[PDB]
Structures are given as C-alpha cells and as structure tokens.
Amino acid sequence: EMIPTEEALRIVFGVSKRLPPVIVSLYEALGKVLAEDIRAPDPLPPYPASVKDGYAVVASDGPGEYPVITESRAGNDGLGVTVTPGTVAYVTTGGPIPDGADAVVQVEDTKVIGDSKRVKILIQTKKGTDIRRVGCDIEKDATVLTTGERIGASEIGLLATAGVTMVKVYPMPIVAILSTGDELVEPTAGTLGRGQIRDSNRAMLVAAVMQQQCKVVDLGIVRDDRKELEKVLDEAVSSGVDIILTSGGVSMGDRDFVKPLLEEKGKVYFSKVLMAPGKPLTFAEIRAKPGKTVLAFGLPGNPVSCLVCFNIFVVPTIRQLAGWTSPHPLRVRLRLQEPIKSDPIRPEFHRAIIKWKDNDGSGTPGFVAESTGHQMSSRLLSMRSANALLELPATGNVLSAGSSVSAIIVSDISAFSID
C-alpha cells in the first residue's frame, strides 16, 4: 500500500488543475502568472529620443561654432523647429530629437561660447549617434509579455510601459488549514496541563502558505471526534477554498478519522508514501456541492513530516493551481560536508543548510551541505535554518563527506546566506 514519492507526486500533478483566470490591478498582478499576452500599444521610445544630455546636430556639419535654435527636454519642446545644417539644438537625455537633427553630441564634447545662445561642437560625430530611434527598445505591437510568464518587478515595469493597469492572471489558490488532536492546545497556552502540547503545525503551515502568497482560511484545532471533523471538512469543502490542509489524525490510532472521512467525502488517491519523514501522507480530491473540486492533503502530525510533505507535495500543487508551467522545486547537486547514514528501506529527505563555496572540496566551485543533526520526525529543530532536503536513496550505506547527492532547494535561493 506504500507508493514511491515520485508516483505520489505524479498522481498529485495529474489531479491538480490550473485555476480559472481573473482580472487584477497592476500591483495585485505581482507574483502571479500571466493568463494573456501583453502587446505594446505604442513604441518605446514613441519619438526619436536623445541618449545624452548635449546637442542634437547634423552630423555632416562636423566640429565648429553654432547657434542653439531650440532646447528639447520633453513634450512639445522644439515642436515646429527644424535643425538645419549650421545649427544645433540643446537636448537632455530622453528629450525628443528635433526634425532635421540626425545625431547627438554629449555635453562633455561641447563648450558654451559667448556671454544669443552659441555652442562649440568639439568632435566629428556619425549619423544616428546617441539617438534612440522610434521603437528601438520596444516596437509598437510587439509582445512584451506572454501567457505563462510569472510577473516580477521588471514585468510590472513592462506592464506600466505598455499602459496596462488591469491584468489577466491565474489566481493563487485559497487554502484552509486545521490541526487535529485532543492533546493540542492553542500556542497562547502558558503552563501546560498533563498530556498537552501547543499546536505548532497550524501556525507553521499558515506561515508556509503565507510564503507561497496564498490566502489562508484558519479553521483552528479539531478534536479526535469523527462527527466534529466531518462538520469542519464539510464546511471547509463548501466555503470556496481550493486546498484543504489537515495535520495529524492520519496514523494507525483508533481516533484517526482523516483518512476514512476523506474516503467518504471524495476520492483518496493514496494514504502512505515510501519516504522518511512523511509515511502517513493522504491525498484526496473532493467535489464541492453546486461548483468545483477541492484538493485535500491529510498531512502527518509529526511537525517535521508535516513541513517536509508541505514542501515536496503542497508547494508544487499550489504552483500548478496558480498556472506555473514549472511547478517543480529547484534540484541541485552538491557535496556533503559530513558523513550521513542512509536508511536501508525508506529514501530520506534529510534536512540540510546549504551554501555556495568557491571550493566545494573537489577543488572547483559548488554547493556543499551540512546536516541539521538528528532527523527524528518529532524534532522540529531539524527544520531550523534548513534551506534544502537532500534526497538520500534507501541503500543502508554511510555516504561519506565529499560524496555527491541531489538536493531539493526549499527556501528562496536569492535569500541564501553567503559562505
């Protein structure tokens, strides 16, 4: 009944569907994937523009003293004026080139003469120098952005260039989160009573979903009572969320009602994965009453297993729903800074702190990994500062320091601390 992670991932990918596109404002489009192509309605620059502060000249005139017949910085400056041979115009960078001028001489290659305005051009320039012709940066009707492209700051800049302030994008999924267990108390609890622990998974998962830029619906702690969990799941399913995340209540306990309830409400595709940590992971698809599908992840209760399963299975599902064409995490190859013993049955997602070094140990640059120590699934300190999961195959052998392994990068690579 235990499936490999690669098959569990394929199943999730095959069930997960891109959400219907929506229209958002400019700053709401940041971080989203475009659901339409964007075409420039006019060229950039829309007028021949100076690259420099200086003088617009007729290049064939060459060096000499000339009257300054207009000044062109913006708008209608120099409208109706023709720079004829034997004249020049002052220009600032981005200023429209007056008719008749065919090159710009930067101010450093000129000198103002006299105490009316006259200037000495100190060089022989070439036709077209320091002029941006109409549309040289962006041609009118060119496609500046395409469908399936994620919007970052430069793409916001291109949308603003093209005058697009309402954008068609794929939305982020809305995610409901709950915790299960009679042992749980809220994390505001002070002195714990006997047999109680603070609910850490819910806040951890709320934060994890906030890092994925999705809206969170926090459904709180649910006790180990089948009727109660059914009511919360029925309410989560009908609320309009796209994903439901539960943690706990999915092992072999006599009060673990997540799996049987997901079996009753929808289709469970799997409930056990061959992996360390994260064995009791359940995945289901539930149809909400009319009109849409809801994906449910019955995450394991052990804090480490909970976050690892979120990182490996939930993040790519969020990205797929959000229209990402490349939802898979970044996988790199790296060298171990210390020896690690692999398990003989379950492949391990071993937590590590990775960094780029000029010498990775082999004499050339590369990533290196330090284990976070003891990997027990109950030990959330093993996730502390972990920016990667080393994919250790189930060989049972000690992988020595300096051996090469594959690693899944789980936290912003541009936020990596340097060596």
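Numbering starts at 1 and follows the sequence shown.
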Can you say how many deposited residues have no coordinates in the span between residue 290 and residue 291, choosing none, 1 to 3, 4 to 9, or 10 or more?
4 to 9
Unresolved deposited residues lying between neighbours residue 115 and residue 116
4 to 9
Comparing average C-alpha B factors as deposited, tell me which of 364-372 and 36-44 sits higher.
364-372
Per the entry, where is the mean C-alpha temperature factor higher: 325-333 or 123-131?
123-131
Residue set 231, 341, 255, 259, per-entry CA B-factor max assigned to 341
Say you rank 352, 26, 381, 68 by Cα B-factor from the PDB entry; which sits at the top?
68
Using the B-factors in the PDB entry, rank residue 31's C-alpha atom against the chain and give the third, lowest, middle or highest.
lowest
Relative to the other modelled residues of the same chain, rank the CA B-factor of residue 76 and answer lowest, middle or highest third.
highest
Among the chain's modelled residues, which third holds the C-alpha B-factor of residue 101?
highest
Based on the entry's values, in what third of the chain does the Cα temperature factor of residue 139 lie: lowest, middle or highest?
middle
Residue 263: CA temperature factor from the record, placed by chain third, in the highest
